């Protein structure tokens, strides 16, 4: 595994001097900016401010320097910045710009001037790597506890002392919870008064874990300890080994590729945990209740399968073999008809690892092409600005190829400019010619993502007996397509940039097979794709083994709502385009699944979906030959640190995959009232008895306030899911960590131990994906 934890240079730990300034103010202040030794926070002090200022790198989106930074325009700031460090270094070369946000639509900005260009560059490269570190983003609850520990001992520390005030503010705003915190500090033997402070010497991490033990009532651990110890006293080495190999391990996990734990390893692990919790009170090969809880929260018990998180997939198959992270009308940051267009949104979408973007190009009044949603009240942006934005951000988080979907409405003169600016903005990144071994002839497969690393592909038109019932459906498809229904003819300069991703008019699956052109593809509005899926589902899957389908939402979704992408991934569609600005279930799931494989934006389709000789109906309700069906059981036990106030909460568990495996609005826990710190649900297990196609499915935990307000979630693909007792750190809608907020659950995952037309039956099957499946099903009949 190539993934590494953040490694923070001593230079950044000590810190560097910067001038900090804000838009809309003429002020500036020199700060000493620092990173904690674990790469979790940027922090700095402002003279006269009580609290140390910080940025939680969990929500940092980008950091830019030099030509990509935003230099100050205010006269007084510019003069100060020019004089800061060396005046012989141009102002902009010293500038560093940071953008941060809980989600990527609502950004805030921090602007800095370094003393020189080397410092600006070093900080930009280092901080970006920490913000996008997959291990840091996936750490278990003990890791999040350690993050809090490092905040307290670096950011909040005052003259080698940790103020109690700082401990309380980091955990809760509630009076009762603050009392619990004080009592817990008292129980440990630390000062607990409102205005007291703890010495750094006495504030070690292992004692900080003893504070965790004193604070939360993890009532469930007693019964679980009794279970695993067989009620015989402490958990012995052999009992722990069997726990790890039987309960915490998928029974079908390959025993050579993923070796079983041994006695010697388990004795050693027990020593690790017992050392941390009991020190010389530890007994050889004997794990205590507190030692068990430590394990359950530590990296050894991380729910995330590291071999899947790492960029470990085979990237050397045809492009058609992958699910590719895709954005629709990417320029829009809100409503389809009344919202704003943006340049920065392109950078933000690419930073999630999204690989396929859309650019709706129109003639600008001044002779310069623009991007906007035609015939609406949306604002416009310059095409040139967008492509320079794409060129900046395209390969910052993924090396794998980007596809730009052009919806081209420009005159020939402005299309010349589109082509010109693509060339000038992208340079070498632009794939303007076929590569060796892959000419554009029939029968020649598409290149692999590996072949096309660091390349931008252009999807644009190249140079130029139906029945009445069929013609009417086609008319509806065209209407639902909106502005995409009619583009301009391709100019030769734009045509010239198109090769492997050539959009063509779809006729039939029979015709696509006959032509045998792997570089021809179709971009279908959801209405068209649904007609094909319902008419010829098996043929759709077969088409997608060699050729690419892009899907995009119909025009009636004016609020930028999304379909659930599994609907189309189930048919092997590769470019399932979503509105990234709408954080509905579809986007939550999309960002969840594409975190895996190194956040590359590419996921390899299941083998059965790539086998040319296999026929597969995604509407099947029975087991598929060659694919082992699964059973999943999820028991929601408790949650930790859901909120800084006393909230009432519940937990839901959903599954999305094949229609027959998709379960929404079925499973909901009881409400635990007035407890945001350690609610204990102890809910009866939720059973997903028969999962027909596990590798197309994900299970999802969603935590909400009683009034339905979203708190956090976690998406767990069944491919590689780890069973047993797991802490599940929660994520926000953009799939960034909430922090300490976690659900504790038990997971069973094992092999399953045993209408008037097809179209109508298939439409009914698709009701399972809706926000209210029963109501959708009732409305159809």
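Numbering follows the first chain given and starts at 1.
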Enter the number of deposited residues without atomic coordinates between residue 464 and residue 465, binned as none, 1 to 3, 4 to 9, or 10 or more.
10 or more
Can you count the deposited residues that have no coordinates between residue 754 and residue 755 and report it as none, 1 to 3, 4 to 9, or 10 or more?
10 or more
Higher mean Cα B-factor in the deposited model: 267-275 or 695-703?
267-275
Decide which of the stretches 305-313 and 346-354 has the higher mean C-alpha B-factor, going by the entry.
305-313
Of the residues 83, 523, 579, 597, the one carrying the largest Cα B-factor as recorded:
83
Max C-alpha B-factor within the set 476, 100, 635, 459 falls on 476
Would the CA B-factor of residue 574 place it in the lowest, middle or highest third of its chain?
lowest
Hey, what third does residue 418 fall into on Cα B-factor, ranked over its chain?
middle
C-alpha B factor of residue 203, ranked within the chain: lowest, middle or highest third?
highest
Split the chain's modelled residues into thirds by Cα B-factor; residue 128 lands in the lowest
Compare the C-alpha B factor of residue 750 with those of the other modelled residues in its chain, then answer lowest, middle or highest third.
highest
